[PDB]
Each structure stands twice: as structure tokens, then as C-alpha cells.
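Analysis of the macromolecular model
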Amino acid sequence: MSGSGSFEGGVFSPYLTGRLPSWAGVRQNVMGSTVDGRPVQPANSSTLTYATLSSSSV
Amino acid sequence: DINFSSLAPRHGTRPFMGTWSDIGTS
Amino acid sequence: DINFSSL
Amino acid sequence: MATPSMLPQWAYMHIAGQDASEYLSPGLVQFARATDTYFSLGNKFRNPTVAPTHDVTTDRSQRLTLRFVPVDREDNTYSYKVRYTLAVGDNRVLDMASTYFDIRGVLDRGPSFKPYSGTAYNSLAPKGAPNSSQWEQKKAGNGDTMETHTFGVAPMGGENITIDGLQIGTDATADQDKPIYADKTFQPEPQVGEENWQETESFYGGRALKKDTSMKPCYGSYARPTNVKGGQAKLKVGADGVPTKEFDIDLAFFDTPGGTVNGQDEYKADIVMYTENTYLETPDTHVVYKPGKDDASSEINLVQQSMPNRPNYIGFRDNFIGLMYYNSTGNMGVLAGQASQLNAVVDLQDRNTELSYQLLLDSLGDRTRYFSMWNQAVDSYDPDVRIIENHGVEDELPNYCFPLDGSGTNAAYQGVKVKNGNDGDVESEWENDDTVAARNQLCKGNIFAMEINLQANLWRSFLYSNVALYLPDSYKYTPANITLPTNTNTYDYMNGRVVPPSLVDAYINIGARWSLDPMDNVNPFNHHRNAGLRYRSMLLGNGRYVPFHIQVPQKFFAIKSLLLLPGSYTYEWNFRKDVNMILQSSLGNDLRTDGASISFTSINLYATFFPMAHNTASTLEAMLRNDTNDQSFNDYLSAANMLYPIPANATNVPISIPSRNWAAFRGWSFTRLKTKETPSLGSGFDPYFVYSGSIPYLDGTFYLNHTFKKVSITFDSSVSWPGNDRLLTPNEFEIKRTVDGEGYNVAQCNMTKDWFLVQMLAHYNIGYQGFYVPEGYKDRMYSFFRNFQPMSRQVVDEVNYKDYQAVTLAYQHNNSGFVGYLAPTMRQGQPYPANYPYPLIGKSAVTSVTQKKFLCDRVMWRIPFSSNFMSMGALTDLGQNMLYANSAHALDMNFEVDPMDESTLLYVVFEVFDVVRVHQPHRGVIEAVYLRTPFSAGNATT
Amino acid sequence: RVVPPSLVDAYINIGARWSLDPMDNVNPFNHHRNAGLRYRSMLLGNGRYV
Amino acid sequence: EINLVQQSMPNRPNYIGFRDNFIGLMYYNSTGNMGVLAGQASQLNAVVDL
Amino acid sequence: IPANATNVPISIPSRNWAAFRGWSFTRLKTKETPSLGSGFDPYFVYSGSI
């Protein structure tokens, strides 16, 4: 993730919790894909609606 | 009035030591 | 929740 | 520290001990009581409070929420039927308070919808402004040659005009500086002009519309972008149709006339315009005047006027009124056993569950707190709409506009200085300065300005839009340039009709508090200032097409607060898909015609279970399976509900009830409705219901209680009930007395002392020991006191004023030269004396009459069936004289009402007991018995 | 700094009840119409030196 | 001549005044700035801030 | 919470939970929240509503 400057690779010290980093529920990390091209998902589709906050729901 | 006497048993709250508990049917 | 009870 | 722990140190610090007054020394306990009212010690001692640790919650896996999917559903053509199997497990107790439907679907609102009262496109524009548009005409043309005349404005400067139009940009050195010419598509933007009030001179370029685009005034004009650069040009029609890569944009060049002016042989451009064809529209405005008869492009279609369309707010009713069939035939709900299959719900047609539930939540919280869950938001009006309080405007300072440079009109001035003084304005001898420039811009006298009375036109505007538009259509006229729908319940007809602004102006009923006379019979919950309706509308969104999700509660009184014990049960309910019935409008136009549509996909049932311990849940299950622990409820408005016609322009309603037992009878209530505003219940569809405004019948939002002038009661056909000499009119009640000569009127209006007494004993319950304002909880939204509004005004005495001339609307003038002639259009006329309102104040006041009335809105009149007209018990004293002196008697009631120019109904409520009583004797078995006393079903059949 | 007056058009989200998206991460007690703050401001007067 | 055309607009309202209940005008929940109440000739502090 | 994170954090107390009541949680902004363990913050540059 982050580190080096005097280091090499792979964590240690105080955790930033959020169960399994890059947790589904809202992700800007990687693009989605809706079920069979039907726009129903209980989560974000990877759209920028949280760049400036606002949820949505059709 | 318009009809509203549809009210609770006219109990009072149950007696306790330390403000609260539950006694059920006792 | 957040409360104080007293005499 | 924090080192102490466990129970002995939790009773030491009073986290889990005994209360103070058990651990305190008993001298301090009595000292505290002794001194309590002037030196409290209560806040100095901590009292423990422990939750119960066992036999109040299960440790078993149990859900606190369950979603029952339909077991069968069928959609009809205007109903939706949804069955469920509602199961309650063993050792689970369910409350029916916490059950609610989840309904989702798509809602469409017609093009009548407009949740705003302005215009969203332009709006700072004059309403006469026409855009930049050219037209073709023969102004001296002939044959196929048409003169092309352009009206417009070119706002941004240039440097040159050539064959590539405006040249405004310049390229840097790379082989000299190259001109950069403005792009056809968007570059001479209409939002960019000069940034100074000092001219940029030179050349100018702009935009224009084709003559292929029809003229529409600039005010609500809109054309969608066709580029991502906000060009509005439409693509050229090529070989392959409208799709092409070309845009329909041309260049038209112009110069100032004269041969001396510009070149002698040249006529180089000075102005250039990027003419283009666009998708012009008016999405929210309508043309309120034009001289023409055809909309096209013409010199006379520059002159057009525009006004925004009427605000129309659409959204689900107050508590989802009319979204379920209650009190209906063949659309009755079901709650039943699963094995038994016998229905334990009976819905009668003389019940009004929907109205009843309004009155319940009157009394069980405030209705001024909105809740978005069950969609609570009570219909209301602003009381500066319904009763016009007027006081003129404070406008004692003139307000002005000034030019941008703020120095008015300036002219040339050269400098001068004396050659050597000698005194004189020409005799001291003056001569030109060469160190002071010629052509200085100085303004002699005061700077240019134009007066506007802002305050005056801020209350002119408001008063027109909240009152004048909501006048009846007997004061309106159709413009002389447009045609409207034949149907009068269309939105298009309603916003197309024009009302003179002179009918209600800020110069009549001035200094009075007084609802207008034509506004006493207009429903005042059909306006855009209804803030319950506005809330509901904007809780769905701002567009026509609204996918929705709503949570809708049960309201039927029998099972509303029932605790349903273990067992499996069939629950079934029907939902209306009738747009009129489920959507309130702020104009009350017929939404079926307009184009509203609704449909449901996915209806489910929720339940919430307290997670009771299994031991404690089965002790309570056993106890409520006893036959002496039967659960009993009543309808809040426990009544027989009946309607009786009133013919058009009729003055009396003859009401007669057959011989009936009156054992356990309570009062009566009554209110007047309109036939068209009242839907017929007992039908799956009423095809003649063309209304969709606030339904008074179900919403409890009455407003015609002030048209009653008497009522009279007779029992046995020979005995007047208010005839034991208990009233000043000793054989009837009079509500209004108009022509008073015994001083029976009270409270500074036309309402008798007799009736004022009666309606203060039926509510406040005091009037025999002086009248006082009722307490805050004795009056509520639908209580009498809050909605009683006496009012008065003087008007000219038309017989005892000897200079009284009856001038009509046409021949009234006031604001002559500063307001349009009987239309919301531009000013017309000359400054001249007014002649409209007659003085009633100051010297030269005219002789006057006094007019007095009251309004009661949201109140049903009620007369208790008690000898003293106050009830000190729900089962009245005369309800218990019908257990010894009853055998059935006739009741005949006579009523006198004001004439109405439309058909009306009288709603007489006969107040009863509606006992809904229910028992479970075994698991999955439910039983009930429903009984009512003075009016009851099953009283002539089994 | 200036902000465009066309970025809050006054005809944007018209007929809607809806807080702006970039205003949900902005403290709304740092506004001039905060009426608790303006109360305590003017209970010390209108001058700098109090 | 060119500075005849200028524009101006008022400076933004800024209301300054003491906090809601005088919040943060007294150290609380600090050690080194911890409050004291105690007897004299005992000095056993009965204010312990965390 | 570092900026741009959806990883917001507790995996801390290994306490004994006798007499525990609820939890309450809210999100703040770093530059709006002083340190009360320091006597002076030479880094708190916000005087808006804390």
C-alpha cells in the first residue's frame, strides 16, 4: 500500500480498519458491472456520485 | 369528546428498589 | 442512552 | 481511578444499588422534603436504574423484522389485489401497529405538472422581448423575392468582418499574426458581450434565429443544445435525413445606410449575425397575447406576451388517502385464519375509516410535524390567502433606477479660464484652455433616474397570484388569439383562461380583514401555498417520471392496534390504481385526461416483532387466549355516515330517518360537501369522478361550514328536541342570523349567542361559567375555536349615498397609465384620477353599510345529545334514558342552507359506538363480533 | 475570489427540495445567517475594540 | 479613463463573537492545565481531568 | 481517516465490558478539531464552529 523511504514491502503498526481494504458497498477503486445489464445492485456502480456527496436509487 | 376512552388498564407502575426491574405476572 | 438519573 | 469493579463497588457508587432515600440517613430524607421548594438536594444524589436481566428478551435466533412476499397477486385494470400468508411463530407475539405495506412502482404525472410558479428559462427577460430573429415579408417585395428583415442585437466586439464572419481572436507569431475567426457552432456566444459601459466600438457580431424557426417571446424560450459546446443549431437535412455533420448556420452582414457612410462603392459590414435554425420551445410558458392569428415569423409577432403556466403540484395524499379500499363492496380486506378461512374483517359503507384516522392523529400528536415515512403532512392554507388582511404598503420613500455610469446624460464641455478677472460671466473675459481637454463629459443638473414603487408592485404581484387566479371562471375570459379545450377540467383550459387583475387589486377591501365573497365557495386547499401538498409533491421529485418507493400503513380500526397471537393467517388487501383518487392536485384538474398513470411492481408486507423471551411470550399467549381477555377497539369517529343531496340553488334539505332505536346515541355532526369533490365509495371505479383536488370528505378539510342558517330536530313527529325552552329561538337552532334586531349576534359577526354557546359546550365543555380561550390541548387543528374567524368591512350604502353610480369592471380605472387594461399585459393609458373604490375614511367619506360574516374551515358543526349541551361521559345521559324510554322513534331534521350555484351534498354524521371486538380461542383461529348500538347492521337480517 | 452567479442558476433543481451536492461536506454553522452566532456577535457591539 | 469602469461588491459578512457557552475559554480535559479544587492544608485535589 | 479512504478504523479495545452501555459515532474534519492535550496548537487555523 504505502511505506518505502527506508522500507521494502508489506505493512505493520496501527491498522486503518474497514473489513478487507477496498470493501464492496461503494468503490472508486475498480469498475463495476451490473447483473446481466440490468441496473439493480444494492451498491454503487463505480460512478462519481461521491466526488461530491449524494446517493442515488431508482 | 369524539370517541377516545379506549385506554389502558388503570394500574399504577410496579414497586421497586433501585428505580426499575421486571416481575411479570407476580 | 446518554442520560443522568437522580433524586 | 477506576480500579473498583463488580457488584459491591457498583452499589458503593450507585450504578446498581438502592435509590437515594433508601441509602440516605433518614434525617436527611425528611430534611430534603422540608426544604425542597427553595433549596433542592435532589441533584446531589445519584439514583441507579437497572434493566431487567432475564425473562424480557430471548437468546434464541429470532428476527425482529420479516418480509412476507405475496402468495398470489393479480393486477386488474384499476385495482391491484395482493394476498399474503402472515405467520406468527410459537412464542412470538405480533402487533398490527407495526405492519405496513411497501409499494413500489412508476408514477407518471401529466404535462399539467409544474412544481414551481415562475419560468425556468430566461426569467429576467421582459415579457415583450422577442429574441433575435429574422422573418420574411414583402414590405415592398414582389414575386419569389422576399425582403428579409432582422430584429436583433449584436453584443460582442470584433476586429474585422470578412467572409468568415467575425474576427476576434488572433494567432501568435509563426508567420505573422493570423486572424482567428469565430466558429459557426457556438463562438459568438449570446452570454458574452462587452464588459464595460464604455463602448468597444469597431465591428460587432451576434446570433439570430432563422425565419424557419417561429417567433416566441424571450421569456421561457428554450432550445436544447446540439453540441457539447452549447450550440443550439440543428443538423442540416441532407441525403441521409436530419443526421449530417453540417449545422444549419448562415452569415448575414449589415452596414449603416448611406453611400457617404461606409464605402462609396463598398458597403463593408459593421454587424454580422450567425443565423441558425433551432429546436425552440416554450416548456412552461404560454402566449397570453399576440396581434396575429398564426404563430410564424412576422413583424407583428415580435409583439407577443407570455405568462408562466399555473403552478400545479401533484403527489400522494395526506396519509395515503384513497390508496386502499376501505368501506367498499367487493374490495373488502381480509384477515382470517388459514384453516378457518372465515373473514374476521367486515367493512361497512356507513363507516369512514379514512376520515376517522385523520381525527385520530389530530388527538394523538401534532399534525404540523411532517413525517416522510407515512407521508404525514396536513393540508393547510396560509391565512393571508383565505382571509385577506390588507393594510396597504409602506411606500413613503421613492425608489429609483439609475444608468450604469450613474451620471445621466453627459454632453461635451471644453475648458476655459479668465485672461484676468474683472467680474462678469462674459465681462471678466474668458478664453480657451489648452491644458484642459475639449470634449469633457459633464452632466448639468441632476442625474437621470426613473421612479418605481417597489413595495406597491411586490404586493400587487403576490395578491394577484394567490387570490385572482383562484377566482371562479365566471370572472375570466379567453384571450382573442387562442382557443382552449372544450373540457373545463383540463389544465390547458385552466391556465389559458385569463382573469383581469382589477378584480382583486391592492386597492379594494383596504384596511379590512375579509375573505372575498367569490372566494367563500372555492376550496382553499387547492392552491400552491398549501404547504402540506407542496411537501408531498417534492418528496417524490421535480420531474414527471418518478419511480417511487412508499410505505403505507393499515388504518382499519379493528386490526390497527390488534395484537395477533401465534397461528397462520390469510391477509389480503386491495390497492387503487385510480390516479384521481390517489393524487392530490393544487388545481384539481382531471388527471385521467391530463395523462397521469401509475402502476405497481412489488408490494410486500412488513412486520416487526418485539423479541420477547419465549417463557414470557407463552405466559402472555395463554392469558390472551382467555375469554375475559378479549381485545376491544372502537372507530375514533364511531358513527353512521350518510350523505343526502342538496339540489342546485335549493334553500332547504328535508332529512327524515325511519323509526329507529336511539339506545346509546351520542350527538350529530354535519358539514356541507360538493358532489363533484366527493367520490362514491362502494365502487371499484367511479368514472364520473373528474376531480383530484383535496377531497373534503376523506381529508377532513371542510370549508362550507358557514352556509348553514338553521337546523331543527323533531322526535316522534311532534316534539322538538331543543324545545324544552332551552334556547332564545325555542324550537330550532339558528347558526347565522342575517337581519338581527334583538342583539342575538355575538363575537362580532353573524352567529347567534345560542349557537356560540352550543359549540363551546360541545368542545371546550365550558360556557355556563363564562367564555374563556380553551386550553392548548382542548383545541386542536379540527377543534372549533381555532378556525372561527369573524370579519367585517364597510362598503358604500347604495341607497343612502346620492352620488352612487354603479360602474362595472370595464369602466373602473385606477393606476391609469401604469397597468394594463383588464389583462396581465403591459401598461396602457394615461395618468389620470382614479374613480374605482369609494372613500370610506378621511374627509369626504361616503355613507356605508356593515357586512359581517365568519368562516369555519376544517370544523364540523356538532350538537351533543345531552340535555346540558356538554358531555361529561361518552355514553350520554340521554343515551341512558333510551334504556327505559325508548321503543323506537322517528327523527326528522330540517336544515336551511344558502343557495349554491352547483350541486352540493349534506353530510350528516350520527355519532354511535363502533365496537370492533376480537378473540382468539386457539392457535390460528380468530373470531370477532362487531356491534353498534343506535344504528347497526344485522338488525333486519341475520 | 468570485464565484459565478450561474453556478446557482436560481432555476436549478427548480421545484425540488434538495441540498446541493458540494454543500454536504461544507459546515453549515459557518454561515452568516447562523442566528446563534450573530446574536453573540452583536451582544458585544459593532466595533472591533470591545 | 479606463478606471472609470470598475466594479465593486461588498466584503463578505464575518461575525466574530465569543463561543456558544464560552466553549474553550477554560481548559478542560487537559493535564498540565488541569483545574484544582481542594482543601487548604491537605491539598488533595478533587478535580481529576481525563 | 486519511483523505480518500473508505477505511475508517477501530480494532482496538480488548477490555472487560462489564457495565457497558451503547456506542455513538460521528465523523469530523481534521482541521476543524483541535488537540486539547496540547496547551497551544500552532497548527489550528480554523476559527469556525468546532
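Residues numbered from 1 in each chain as written, not as in the entry; some residues may be left out. Chains lettered and ligands numbered in written order. Part of a larger assembly, values for the part shown. Heavy atoms only, no water.

Its PDB header attributes the entry to cryo-EM and lists the resolution as 3.07 Å.

Named according to the PDB entry, chain E is Hexon protein originating from Chimpanzee adenovirus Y25.

The PDB entry annotates chain A as Hexon-interlacing protein of Chimpanzee adenovirus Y25.

**Some details on the overall build of chain E**
When helices and strands are counted, chain E shows one helix and zero strands. For a compact globule of 50 residues, the expected C-alpha radius of gyration is about 10 Å, and chain E comes in at 16 Å, more than 25% above that figure. In terms of its C-alpha atoms, chain E occupies a principal-axis envelope of roughly 45 × 25 × 20 Å. With 50 residues in all, chain E has 8% of them scored as buried. As displayed, chain E offers around 4,500 Å² of accessible surface, 58% of which is attributable to carbon and sulfur atoms. (Helix = DSSP H or I, 4+ residues; strand = E, 2+ residues; numbered from the N terminus. Rg over C-alpha atoms; globule rule 2.2 N^0.38 Å. Buried < 20%, exposed > 50% of the residue type's maximum accessible area, 1.4 Å probe, protein only. Areas by Shrake-Rupley, 256 points an atom, 1.4 Å probe, with all protein chains shown as cover.)

**A few points about the overall build of chain A**
Secondary structure assignment for chain A yields zero helices and zero strands. Against the compact-globule benchmark of 10 Å for 58 residues, chain A has a radius of gyration of 16 Å, which places it well outside the compact range. Within the span of chain A, comprising 58 residues, buried residues form 7% of the whole. A total of about 5,400 Å² of accessible surface is found on chain A, and carbon and sulfur atoms cover 58% of it.

**Some words on the packing of aromatic side chains**
Residue and element names in this part refer to chain D. The full count for this structure, using the stated rule, is 51 aromatic pairs over all chains. A ring pair is formed by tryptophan 755 and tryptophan 861, whose centres lie 5.6 Å apart and whose planes are at 65 degrees; its orientation type is edge-to-face. Within this pair, whereas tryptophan 755 is found in helix α11 (residues 753-761), its partner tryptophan 861 is found in strand β43 (residues 861-863), the two being separated by 106 residues in sequence. Of the two residues examined, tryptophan 755 and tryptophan 861, each falls in the buried class. Against the face of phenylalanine 113 rests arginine 109, its NZ or CZ located 4.3 Å from the ring centre. (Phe/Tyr/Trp six-rings, centres within 6.5 Å; stacked < 30°, edge-to-face > 60°. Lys NZ or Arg CZ within 6 Å of the ring centre and 35° of its normal.)

**Comments concerning the arrangement of the chains**
For the 12 pairs of chains in contact, the largest share of contacts goes to chains B and D. For chain C and chain E, which are not in contact, the least C-alpha distance works out to 24 Å. A gap remains between chain B and chain G, which never touch, and the nearest two C-alpha atoms on either side lie 16 Å apart. (Contact = heavy atoms within 4.5 Å.)

**Here's the deal with helix α3 (residues 456-467) of chain D**
All names here are of chain D. For α3, which comprises 12 residues, the first-to-last C-alpha distance of 16 Å matches the rise-based estimate of 16 Å (1.5 Å per residue) to within 8%. Buried within α3 we find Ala456, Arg460, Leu463, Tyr464, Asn466 and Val467. For α3, the secondary structure elements touched by its buried residues are β18 (305-308) and β21 (388-389). (Expected span 1.5 Å × (residues − 1).)

**Considerations on the side chain of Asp635(D)**
With respect to the secondary-structure elements, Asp635(D) resides in the loop between β34 (631-634) and β35 (639-646). Buried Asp635(D), no salt bridge; nearest opposite-charge side chain is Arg351(D), N-O distance 5.0 Å. For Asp635(D), the side chain forms a polar contact with the side chain of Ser356(D), separated by 2.5 Å. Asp635(D) has contacts with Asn3(B), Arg351(D), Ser356(D), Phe557(D) and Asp914(D), leaving out every residue within four places of it along the chain. (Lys, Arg positive; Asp, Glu negative; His and termini not counted. Salt bridge = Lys/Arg side-chain N within 4 Å of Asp/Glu carboxyl O. Polar contact = N/O pair within 3.5 Å; in protein donor to acceptor, adjacent residues only side chain to side chain.)

**What about the environment of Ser816(D)?**
All names here are of chain D. With respect to the helices, strands and loops of the structure, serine 816 is situated in the loop between β41 (788-796) and β42 (848-856). On the accessibility criterion, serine 816 (13% relative accessible area) is buried. Expressed as a C-alpha distance, the spacing of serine 816 and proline 833, which sit 17 residues apart in the sequence, is 7.6 Å. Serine 816 has contacts with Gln830, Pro831, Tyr832 and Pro833, leaving out every residue within four places of it along the chain. In this structure the side chain of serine 816 is engaged in a polar contact, spanning 3.3 Å, whose partner is the side chain of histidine 813.

**A word on the interface of chain B and chain D**
With 12 residues of chain B in contact, the opposing surface of chain D contributes 25 residues. When the area that chain B buries against chain D is broken down by residue, the three leading residues are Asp1(B), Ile2(B) and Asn3(B), summing to 42%. Classifying every residue of the side of chain B that touches chain D by side-chain character gives four nonpolar, six polar and two charged. (Buried area = accessible area lost by both parts, 1.4 Å probe. Nonpolar A, V, L, I, M, F, W, Y, C, P; charged D, E, K, R; others polar.)

**Considerations on the pairing of strand β10 (residues 166-170) of chain D**
Across a regular strand the side chains alternate sides, sitting on one face of the sheet and then on the other. All names here are of chain D. Here strand β9 (residues 160-161) runs beside β10; their pairing, made up of two bridges, is antiparallel. Directly across from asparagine 160, in β10, lies its bridge partner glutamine 167. Between β9 and the antiparallel strand that follows it, β10, lie four residues; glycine 165 among them carries a positive phi value of about 75 degrees. In terms of strand pairing, β10 meets strand β11 (residues 179-181) through three bridges, oriented antiparallel. Note on β11: the bridge partner recorded for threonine 170 is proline 179. (Pairing = 2+ DSSP bridges.)

**What to know about the sheet that holds strand β1 (residues 65-68) of chain D**
Residues and elements named next belong to chain D. The strand order across the open sheet built from four strands is β1-β33-β5-β29, with neighbouring strands paired in antiparallel fashion. Of all strands in the sheet, those bounded by a partner on one side alone are β1 and β29 (546-553). Averaged over all pairs of adjacent strands, the angle between strand axes in this sheet comes to 30 degrees, irrespective of strand direction. (Axes fitted to C-alpha atoms, helices over the stretch in contact; angles between N-to-C directions.)

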